[PDB]
Structures are given as structure tokens and as C-alpha cells.
Amino acid sequence: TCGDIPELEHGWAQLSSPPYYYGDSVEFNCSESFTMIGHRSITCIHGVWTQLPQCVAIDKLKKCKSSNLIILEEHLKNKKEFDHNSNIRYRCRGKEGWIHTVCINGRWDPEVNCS
């Protein structure tokens with residue numbers, strides 16, 4: 001058993017019930033006014049849990065920028081920079097359809113590329 005579950009620096013736990021065995025995982029997300037970076041769960045391995053996610057206040061996030069290579073929606077072409085949790089859809093000049101991506105602190109997921 002690992003033992004006593006950790007906590008999130010700026011988040012919370014979902015469900016963590018002892019004895020906390022190897023292979024156990026506990027979800028940790030961010031409650032209110034906080035993001036969720038990295039993961040959203042921990043794992044009991046080596047007798048220790050894992051690295052934990054990073055609850056950021058969203059204040060300290062980054063503005064994802066719309067690439068000029070990619071094409072966004074009719075609402076989103078007016079957006080130069082996106083805040084996190086923005087699930088958008090971009091496309092390439094040639095892709096007649098959309099891929100969809102989420103602003104992850106100045107990054108996209110999937111990272112957009114048309115070049």
C-alpha cells in the first residue's frame with residue numbers, strides 16, 4: 001500500500017479510499033476557477049503516488065494563438081488569441097472539414113498545423 005493520498009496544490013480529489021494499493025489511481029481535478037494541466041489522476045507505484053496534475057488558477061494560463069495557416073470558424077476567425085478550454089475547430093487550406101482542438105495554456109490539442 002502506498003498510503004495517504006496527496007492533494008492538489010490548487011485542486012481537489014475525486015475519490016480516494018484506502019488502503020490505497022499498488023495500481024490504485026485517484027482522480028484529481030480542479031474544483032472552481034482552476035484549470036487542470038497534465039493529467040487528472042494519480043497512480044500508486046513504487047510505494048508512492050504519481051506526479052499529480054497541475055491546477056492552475058487559469059489566470060496564469062496562456063493565450064493560445066490562432067495560426068494564420070489554419071482556418072477557424074466564422075466566430076473564431078475574429079479571435080487572435082484564445083483562452084484555455086476553448087474547444088474549437090480549425091482546418092487547413094485544403095482540409096475541407098475540421099480537425100477540432102482545445103486551447104491548452106497557449107497550446108492546442110491537437111496542436112494545429114497546416115504548414
# chains A, B, ... in the order shown; residues from 1 in each chain; ligands from 1
$ residues_around --residues "residue A:105" --least-positions-apart "3" --cutoff "7 Å" --atoms "only C-alpha atoms" --output "NGL selection string"
:A and (61-64 or 84)
$ write_last_selection --atoms "N, CA and C atoms" --output "mmCIF file, in the first residue's frame"
data_model
loop_
_atom_site.group_PDB
_atom_site.id
_atom_site.type_symbol
_atom_site.label_atom_id
_atom_site.label_comp_id
_atom_site.auth_asym_id
_atom_site.auth_seq_id
_atom_site.Cartn_x
_atom_site.Cartn_y
_atom_site.Cartn_z
ATOM 1 N N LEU A 61 -2.595 31.059 -17.058
ATOM 2 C CA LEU A 61 -2.637 30.330 -18.261
ATOM 3 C C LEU A 61 -2.121 31.176 -19.384
ATOM 4 N N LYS A 62 -2.144 30.617 -20.513
ATOM 5 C CA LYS A 62 -1.629 31.214 -21.667
ATOM 6 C C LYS A 62 -2.674 31.239 -22.723
ATOM 7 N N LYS A 63 -2.538 32.205 -23.507
ATOM 8 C CA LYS A 63 -3.383 32.516 -24.602
ATOM 9 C C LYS A 63 -2.864 31.822 -25.822
ATOM 10 N N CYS A 64 -3.603 30.883 -26.250
ATOM 11 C CA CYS A 64 -3.318 30.163 -27.471
ATOM 12 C C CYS A 64 -3.570 31.076 -28.618
ATOM 13 N N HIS A 84 -7.883 29.174 -22.477
ATOM 14 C CA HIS A 84 -7.973 27.743 -22.322
ATOM 15 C C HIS A 84 -9.447 27.278 -22.304
#
$ residues_around --residues "stretch 107-113 of chain A" --least-positions-apart "3" --cutoff "9 Å" --atoms "only C-alpha atoms" --output "PyMOL selection string"
chain A and resi 62-67+69-70+84+90-92+99-104
$ select_by_dssp --residues "stretch 14-91 of chain A" --states "strand (DSSP E)" --output "VMD selection string"
chain A and resid 25 to 29 41 to 43 64 to 65 81 to 82 87 to 88
$ write_last_selection --atoms "C-alpha atoms" --output "CSV table (one decimal), in the first residue's frame"
chain,number,residue,atom,x,y,z
A,25,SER,CA,-5.4,5.5,-9.1
A,26,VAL,CA,-7.2,8.6,-7.8
A,27,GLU,CA,-8.6,11.3,-9.9
A,28,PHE,CA,-7.7,14.8,-9.0
A,29,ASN,CA,-9.1,17.7,-10.9
A,41,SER,CA,-5.4,11.2,-11.8
A,42,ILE,CA,-2.5,9.7,-9.8
A,43,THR,CA,-1.2,6.2,-9.6
A,64,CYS,CA,-3.3,30.2,-27.5
A,65,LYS,CA,-2.9,32.0,-30.7
A,81,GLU,CA,-5.9,34.5,-29.0
A,82,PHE,CA,-7.9,32.0,-27.2
A,87,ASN,CA,-12.7,23.7,-27.9
A,88,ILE,CA,-12.5,25.0,-31.4
$ residues_around --residues "stretch 9-23 of chain A" --least-positions-apart "6" --cutoff "12 Å" --atoms "only C-alpha atoms" --output "number ranges by chain"
A: 1-3, 29-37, 40-58
$ atom_distance --atom1 "atom CA of residue A:6" --atom2 "atom CA of residue A:59"
23.8 Å
